[PDB]
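Included below are structure tokens for two forms of one protein chain, each presented in isolation as structure 1 and structure 2.
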Structure 1
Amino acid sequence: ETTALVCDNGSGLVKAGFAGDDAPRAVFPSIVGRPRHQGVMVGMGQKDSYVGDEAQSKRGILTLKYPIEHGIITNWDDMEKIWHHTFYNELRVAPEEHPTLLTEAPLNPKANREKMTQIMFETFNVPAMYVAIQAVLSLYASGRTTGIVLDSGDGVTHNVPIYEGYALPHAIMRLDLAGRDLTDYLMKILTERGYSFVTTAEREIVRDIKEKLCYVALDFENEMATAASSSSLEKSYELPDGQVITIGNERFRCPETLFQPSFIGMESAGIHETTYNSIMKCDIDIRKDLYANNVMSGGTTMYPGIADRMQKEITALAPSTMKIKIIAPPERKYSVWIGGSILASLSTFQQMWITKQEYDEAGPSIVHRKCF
């Protein structure tokens, strides 16, 4: 009768819900906001900090900080506030009644997992918990056991090749470029047009502009020429106060950084090269299955035209006689969560729960011996 909770704590968004549901019931930004001013109206329900959607709604008098920066947790105190908001405000459940399935990035340091386990058992008193690799859950969600997942969220971008349900660690590639870097680059290139987005609240406005009007061009140098040749690629966006700004070439120059990291000063390779290098680090006998099963995950893979451009670039790197296939599930924003909902719903998963009695007799080191 115990219904299990599934919580995908991302660097930008947290996707939570119940095991057995076809989608996360709670999706909100993982931000903590604190006021920049002093309260003048006494007894009107002011708070010292704001979490999630409330922080986003009142962001005009707030400084927004992400507890997870570049995929690494930097404020465990604010991370507890996010988790407290998830259990008590969004899902509105008692955490001591529900087993919780959490997710982690590949090759996660064991210090981050042992503290996550300690917080779940000592602060929220969950009956049991389990940590699952994010990329692996996305492959299962697409009905696959073999493939190379491109997980690009807000903090980091991973390339995780998986063969028969097991990831190949020696080939997992990591790129420190994701959504937040794309947002900040859009803020930068929007100044050359006269606009000024500086504050952490204004950054959220740019992020919405990025999600609404940005797209990946099939040929970048060609669209840069068509941009000046006309105005057919210019769009308008209404700011919250009613001001209308117009953007043009910035629509595709922003996500182009995914393929040309030199736009933001990174000397690393693009997402197209990191996948090829990841596929080329596996056995030659399994590479054909990988090339034919590129599964995209995360919100940063939601740009219009990123799948077509991805297939174009990989075909130029791979042998001409190789069949390339980019898989772009319609709900890949929540593919990690979906796989968790399926995994936590299996009858054979009750054996995998790290229980509280196991934690009290072994310590936080028990989490590693169950998730290898």
Structure 2
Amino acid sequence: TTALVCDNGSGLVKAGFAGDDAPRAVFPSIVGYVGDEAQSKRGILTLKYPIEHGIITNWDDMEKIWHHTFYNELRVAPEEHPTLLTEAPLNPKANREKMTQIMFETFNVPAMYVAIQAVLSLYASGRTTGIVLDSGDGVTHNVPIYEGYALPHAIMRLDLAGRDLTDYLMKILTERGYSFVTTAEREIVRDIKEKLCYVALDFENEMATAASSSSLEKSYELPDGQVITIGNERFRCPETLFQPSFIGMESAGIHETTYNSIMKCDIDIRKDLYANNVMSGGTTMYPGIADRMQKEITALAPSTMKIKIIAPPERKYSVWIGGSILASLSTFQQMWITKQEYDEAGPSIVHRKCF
């Protein structure tokens, strides 16, 4: 009897079996047809995002995503699999109850549990104490955890992630004359973002370097054969993570939200949080983002503070991997809500077992 791990992301669903080292199903969280089957017949229906900024808003489209996960992607009978779901930090109590309601009444799972995404990434990094920087497609979070328990009052939220970074790269790529408009071209911009972008150590010195020589220029061959050249757009795109003003957002950068999130904790544990900055999410994959985060946090912290940035090589799935590890432990599954307990208490039991 294998447990199911489904990471409901704002842009990508990560699903698979507990005990595996990687999710077996990764598809976009888009409804139309769902995912790859919907991006093909895109000129017929409208594509909506059921999970914008990490919170599930429309439950009918979410039900379609979960149905697509169980039957079309993983090809499993939901009635024969305990299922572990993930949620964004500070998830409302009602939104947790609806997840339990759909899992038991619509899919009839024998057991269910909803876990915090950032806590799974910390466990996946082999830690019980630390502050997680989870930057995915729709939302970016700073979540401190001490000895296995998250600190909700210090959690920072920033509605700026990979989706906005893709659009900002699309915008600045027009300066060189390129035009990426169609839905197919937006996937090419995402590919350019994931392949050639990087975080500058000193932004102003790289801006002057890009204007001084052509050593930072990179070439990229489009599917139609056209070869384009990209310059300072490589590091101007992920710079929005540290300067949200690049897209007109009056918010603090990821380095400041991390620093602020630490300051909202007890002084005894700040020393441990500075040495355990765990990065999670696909938007934390830019080369050089750890060195830049190291440089910015050092400038904000006391001079004697030992600071360490942890960037796991597969932090793109660290949320799911931590779920696969925890769901492989029998004592963890013991806390899961069984179908009998749901049939007795109802949907409010998610707040009595899931933490």
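Here, residue number means position along structure 1's sequence, counting from 1. The term rigid core refers to the maximal set of C-alpha atoms that superpose within 1.5 Å between the two forms.
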### Query
Which of 289, 202, 273, 104 has its C-alpha displaced by 2 Å or more between structures 1 and 2 after core superposition?
202
### Query
Using the core for the fit, does the CA position of residue 60 change by 2 Å or more between structures 1 and 2?
yes
### Query
Fitting the rigid core first, would the Cα of residue 302 be found 2 Å or more away between structures 1 and 2?
no
### Threshold 2 Å Cα movement between structures 1 and 2 at residue 218, rigid core reference
no
### Summary
Cα of residue 263, core superposed, displaced between structures 1 and 2 by (Å) 0.9
### Task
For residue 231, give the CA shift between structures 1 and 2 in Å, the superposition being done on the rigid core.
2.0
